[PDB]
Amino acid sequence: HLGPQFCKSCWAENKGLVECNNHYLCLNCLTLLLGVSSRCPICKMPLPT
Amino acid sequence: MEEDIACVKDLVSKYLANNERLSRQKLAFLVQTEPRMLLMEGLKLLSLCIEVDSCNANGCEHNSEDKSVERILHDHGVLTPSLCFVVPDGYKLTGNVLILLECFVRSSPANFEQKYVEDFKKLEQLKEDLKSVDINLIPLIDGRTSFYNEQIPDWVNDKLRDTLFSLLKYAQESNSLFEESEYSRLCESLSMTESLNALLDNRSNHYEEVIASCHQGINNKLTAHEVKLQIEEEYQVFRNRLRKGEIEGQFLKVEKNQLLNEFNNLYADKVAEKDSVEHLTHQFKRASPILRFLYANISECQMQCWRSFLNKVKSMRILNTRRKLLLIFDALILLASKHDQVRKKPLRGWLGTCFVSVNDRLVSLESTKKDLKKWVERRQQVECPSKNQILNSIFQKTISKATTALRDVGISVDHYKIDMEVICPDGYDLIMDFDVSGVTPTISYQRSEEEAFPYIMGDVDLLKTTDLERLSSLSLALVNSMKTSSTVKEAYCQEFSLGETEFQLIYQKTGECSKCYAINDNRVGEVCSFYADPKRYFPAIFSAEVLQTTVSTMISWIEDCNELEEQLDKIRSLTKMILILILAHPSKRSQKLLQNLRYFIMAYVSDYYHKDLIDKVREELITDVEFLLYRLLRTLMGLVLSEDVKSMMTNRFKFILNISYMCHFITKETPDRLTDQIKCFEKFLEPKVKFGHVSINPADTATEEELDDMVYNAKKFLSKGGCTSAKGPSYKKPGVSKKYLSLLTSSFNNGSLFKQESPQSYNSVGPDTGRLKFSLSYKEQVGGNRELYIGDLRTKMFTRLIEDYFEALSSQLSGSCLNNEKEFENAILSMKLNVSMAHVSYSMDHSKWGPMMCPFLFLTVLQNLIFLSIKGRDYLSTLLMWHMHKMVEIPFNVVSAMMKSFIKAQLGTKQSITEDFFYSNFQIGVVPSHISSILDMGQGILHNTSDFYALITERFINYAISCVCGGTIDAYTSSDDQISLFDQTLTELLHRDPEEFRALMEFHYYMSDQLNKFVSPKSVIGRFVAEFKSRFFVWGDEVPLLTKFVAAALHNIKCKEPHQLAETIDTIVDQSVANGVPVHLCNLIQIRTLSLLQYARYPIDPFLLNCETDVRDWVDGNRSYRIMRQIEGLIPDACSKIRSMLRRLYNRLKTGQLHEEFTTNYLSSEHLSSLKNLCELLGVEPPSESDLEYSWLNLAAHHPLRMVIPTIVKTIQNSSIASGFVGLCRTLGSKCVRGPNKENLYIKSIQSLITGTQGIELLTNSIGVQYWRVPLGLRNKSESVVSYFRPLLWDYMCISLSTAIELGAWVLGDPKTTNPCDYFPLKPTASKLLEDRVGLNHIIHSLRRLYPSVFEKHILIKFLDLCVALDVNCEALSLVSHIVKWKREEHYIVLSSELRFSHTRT
RNA sequence: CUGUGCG
Ligand SMILES: [Mn+2]
Ligand SMILES: [Zn+2]
Ligand SMILES: [Zn+2]
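The listed protein sequences derive, respectively, from chains B and A.
Residue numbers for the first sequence follow PDB author numbering, so the first one is 25 and each next one is one higher.
Residues 1 to 193, 201 to 306, 319 to 402, 412 to 516, 534 to 800, 1103 to 1216, 1223 to 1261, 1266 to 1561, 1579 to 1588, 1613 to 1712, 1721 to 1762, 1779 to 1824 (PDB author numbering) are what the second sequence spells out, left to right.
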């Protein structure tokens, strides 16, 4: 339990979410943010895969 | 009985000064035996002593014969009509100049200021009367707060006062004379006087009637269970009537698609449909004349030197032939232009049959030649000069006079590079053969379609700064047009060379008013014409790089979106188009539209918004350019907030919030003051006419009918039929229900919520002198102007009593944060905690908090509270009663405009409400001069009581919601806007039952409407973003709001001393770095400020601004530290040795041999010697002779700049922006620097005297830091110009030592230099020795211990004596200014990437 | 009883 269960990049997704180092993202957001760089644009660390 | 009389006669005989008129009054005083006459003659003696002291201190002749102004005018032979009869204290005649003196003594500050302002008013009336007869008068007023004088000693005068008081112990004087009123006035004039209840309380039955109005129907003594039962039943009834439909819902669930479709359909009748970015760039680059000028693809100097020289000597009036002098100047400039054009140079200051002469005015060649021929012909008619010797002689005469006028002030005319060979023997002939035959310059008011444009409309890509450069040049041209003198073609002209050409901004009207400018070019004639307001084009004057950089930052926030990369260039183009549109067309409507965009995007990322949000966002647009801005905003939101983005919503929300806060780039001033004043009066009056209490001409002695109307409206204000009525609640209607007011007061009572001028008598309306007469003014804001109710000093004191009472009440509680910074910080922390957990946050604003509130509402909520521990509260009640019966002076401009419109309508159209009001009043004879009404809480005059009411009401409403639902609601208010933080239960309720949650929010809205807490349509119920006090929080972080701070920095340029301006800009940039702004943009802001100062030809000093900072000097560095870093960058060798010696000194001082006791004395000797003395005392190698002669030109060395003795003893004594810059450039160009002989001179004279020396070098580092290295051989040798120079190493040592005392010892260490979406909320780690309790701390003790004389004049162990010693003698900075004038910044949210590129030091 | 200062 690290904060609320939302996609920090969407503010809309609450189901089927992946866990970052300190928050959550969505599957669509994970596939869309892995296209620019491996570093998380929120917590600045590599995204798990 | 006579013993005290005889003894005091002895004392006044022995201690009295020897005078001849005082001896006459004495012999007239000692002869009387009646004690009352002794009192009168003693006060007469004191008054005459005061009068003659004032007269000998002011050098005026004493008026003892009680001669009025008519007597003084008749004794000199000046016959005047019947004017005001005023007898002054003294008069002084110097030809046509009269100096008038009036003296008075007052014990109370309110009476003192009352007498001061009435004396000021009568003096101005006498001035206006004396100008009608053409006599110049100057006013002088002597208001003395004490009874001291310079003839009788202090203690004997006190004994005289005490014996006069002891003779008032008897009663024979009391029943013989001195009636109760006069006796009380005299006893108060002899006395030395927070409530002052010693007033003649004659409150009639009206007070008791109004008090009973606050009690009938209201219970205020209910049970903690009965109130909960009533609230539950009321919620049941409300929810029933809501589910049925009898009560309209106000909150709609946020559908982003529907919200965007509602925003795009705004102005559907005037905007066609969606527009692509390409069509927008096409229509934008050729939209308006100012925008057509930009993106146009448009491709020594003896005349300029002569023009500048003659512009310098045109103000000194070298000849009383204004027109003929201007003609001589035009002829000289023509000769200079011809001499320039024959050699090699082209036409530079020409436009075609029109040239730019002195006083930046266009003069036609034909008219110049005709007038010169007429002048020379008329001079030749009298008698030989062959039509050329006379002109040569007169030119030699005027040039000699001008050179002599520039020689005594030290201008050194050879500084202008005049090259005085243009005065040829064939000057007249050379002028008459001058034929340019160019294009005729015109203005062409009301121009035509863009197809009549000379150049190619639109070629500049919106990626280079050329458009911003042209905008900067044009804005500077307008601001310089603001300063034309216009003495006596007639059109004036400024010049702005952009590239390979020199455009000329022509304008016929003068002043800072809105006029019609015409951009002309010599090659194509008139280029553009536009009706512009010059005082609004400031924020782009030199920010060609600042604006490009803020655009680049805003774009880089969303650049790594991976779904805008196909539209990133279009988004950047749209952002720059919006910026250049709001900067090239600063209009209040564009500002309002961007604020409405802020509200829209705040309501876009939420769960529920107000149904009337789009009605508030849509504001009327005119001029077809504001529609272009709306289309740009719509396209930008369509690109950024498209349906298929769903990625990093935080970054896009921040970007659009900054696009909205771009409104601050438009100046917050009024376009026209009359229309905005009428609008403020409309905002003030419309609720009153809609409520039904608009009583005009209050008739200070209140009539029975006026009081009856007042109490009737007081009873009407308490009706507010709730949801239990037939029709239902009428939202947005002023008034508070008796039921909910009783519930609030009952729940507060039990432990459920918190758990000849002095006033002699006073009644229910006012203190027998005025029923709190206020004046209505408008306060400049970005979106819409605010109200201001300004009152006299007595009303100020009464409001201060009320506000102190209610501020104590609020401090006893722990919910409100308006003047409590600790509670604001707790609110920010709780908001971060509630947002980071995605709990529902209700950002509420309250529409019409001022006009709809009521002093009667506060009185009623006060009379029903118990306040278990009656005087004190009765005084508060009668003060609020006075506030109910309050007059507000309608502005004379508003009533004048309304009277003019009434005349125009009666002589010569859907009139408004206030217009109909004024007309109905004018048709019956009465003129509206004051509007006494009940429904007006002053905007600011009742801020503390309004905050307390908001606090208790929001506490009650949250208690009701929690008792009817089962969820706590934290609340934090600022008396206008608030935030409600919901717990986990309400958030889970919204997640599981949206209908019940929206019903709860509708109940909250209805309950707030049952008080005077109408929830504004700008309110937002969102579990992600939260707004409070213009602080936006996204996910526990904070929105940078970069554009707000950037615009606040580009705007705040005052006309004060340049170093104070630099301090202000440094504080603004410190706040900017603190919140969100990166370091490069702030370096560019500081460079922009330095360029603003350089344009004023100011000698930029190293102690102005550091424009090479690396986010290490803002987080944990004072302004002194930044200036020290700048000096270190200047001299990287000597500053190293100085830092070494200062490190050793700090080491030996903090925990070593006692050095502070004699360092205070060591800092008072000569700096050059003391440097080497200290370096040898510490053993470190002293600075070399070459690395010690570095100095900076301190213009304010002998006396500060006279922007029309240490400085720290002066900072504790506590127009427009473009006009401020104009005044700064004018003062820094005129005689601003003062000399040692108390003589003023220009800065040019100081540069000339510097060049009149073989020692100084003038070496600048990179941007004009301008530090000199005057050698030690001529250092203060024979009182040369070197007195203005101040050694740089000494000041650097002072600043470094003071900074080491302020923030740690790490500063002395040698500086070892070592995605735009990451931030680090760090703190200014510093073991300070200047604890924040230093408002009037021991600094004053040190000042009095070291500078006693300075402690007496202009005024009134701890490791602090050095802080006060390092600025009284080391006059470089204040070094203590962020504790008593400015305020420190903590919790720095700076970029983490820019922390790793910083410098470090041990 | 005033500034001439952007390439
Ligand atoms: Mn708010
Ligand atoms: Zn997502
Ligand atoms: Zn992450």
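Ideal Cβ positions, reconstructed from N, Cα and C, are used throughout, including at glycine.
Can you check DSSP and say which residues form a bridge with residue i?
i, result
"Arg1684 (chain A)", "A:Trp1549"
"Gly143 (chain A)", "A:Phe104"
"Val361 (chain A)", "For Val361 (chain A), which the question treats as bridged, DSSP gives no partner whatsoever."
"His62 (chain A)", "A:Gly90"
"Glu1242 (chain A)", "A:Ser1122 and A:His1287"
"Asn136 (chain A)", "A:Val97"
"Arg380 (chain A)", "A:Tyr537"
"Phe1385 (chain A)", "A:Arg1388"
Quick check: is the beta carbon of residue i nearer than 8 Å to any beta carbon in chain A?
i, result
"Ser33 (chain B)", "yes"
"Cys53 (chain B)", "yes"
"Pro70 (chain B)", "no"
"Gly59 (chain B)", "yes"
"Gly40 (chain B)", "no"
"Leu56 (chain B)", "yes"
Compute every distance between the C-beta of residue i and the non-hydrogen atoms of ligand 3, then say whether any falls below 7 Å.
i, result
"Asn607 (chain A)", "no"
"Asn1432 (chain A)", "no"
How is the alpha helix (DSSP H) around residue i delimited, first residue to last?
i, result
"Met694 (chain A)", "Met694 to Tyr706"
"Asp129 (chain A)", "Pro109 to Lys131"
"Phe1371 (chain A)", "Neither: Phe1371 (chain A) is in no alpha helix (DSSP H) and is coded neither H nor E."
"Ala279 (chain A)", "Careful: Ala279 (chain A) lies outside any alpha helix (DSSP H) and carries neither H nor E."
Which class does residue i belong to by DSSP, given the choice of helix, strand or coil?
i, result
"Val1679 (chain A)", "helix"
"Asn565 (chain A)", "strand"
"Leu259 (chain A)", "strand"
"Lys292 (chain A)", "coil"
"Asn212 (chain A)", "helix"
"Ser1448 (chain A)", "helix"
"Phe1781 (chain A)", "coil"
Under 8 Å, Cβ to Cβ, is there at least one residue of chain B near residue i?
i, result
"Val261 (chain A)", "no"
"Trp602 (chain A)", "no"
"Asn1132 (chain A)", "no"
"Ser1190 (chain A)", "no"
"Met682 (chain A)", "no"
"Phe291 (chain A)", "no"
"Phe1381 (chain A)", "yes"
"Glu671 (chain A)", "no"
"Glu608 (chain A)", "yes"
"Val650 (chain A)", "yes"
Please report the residue range of the beta strand (DSSP E) in which residue i lies.
i, result
"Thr94 (chain A)", "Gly90 to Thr94"
"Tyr1329 (chain A)", "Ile1326 to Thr1330"
"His655 (chain A)", "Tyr653 to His655"
"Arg1133 (chain A)", "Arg1133 to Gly1138"
"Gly570 (chain A)", "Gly570 to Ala577"
Can you find a heavy atom of ligand 1 that lies under 7 Å from the Cβ of residue i?
i, result
"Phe587 (chain A)", "no"
"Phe1385 (chain A)", "yes"
"residue 1591 (chain A)", "Regarding the residue in question, residue 1591 (chain A) is not represented: chain A runs 1588 and then 1613, omitting everything in between."
Could you tell me if the beta carbon of residue i falls within a distance shorter than 7 Å of some heavy atom in ligand 2?
i, result
"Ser33 (chain B)", "yes"
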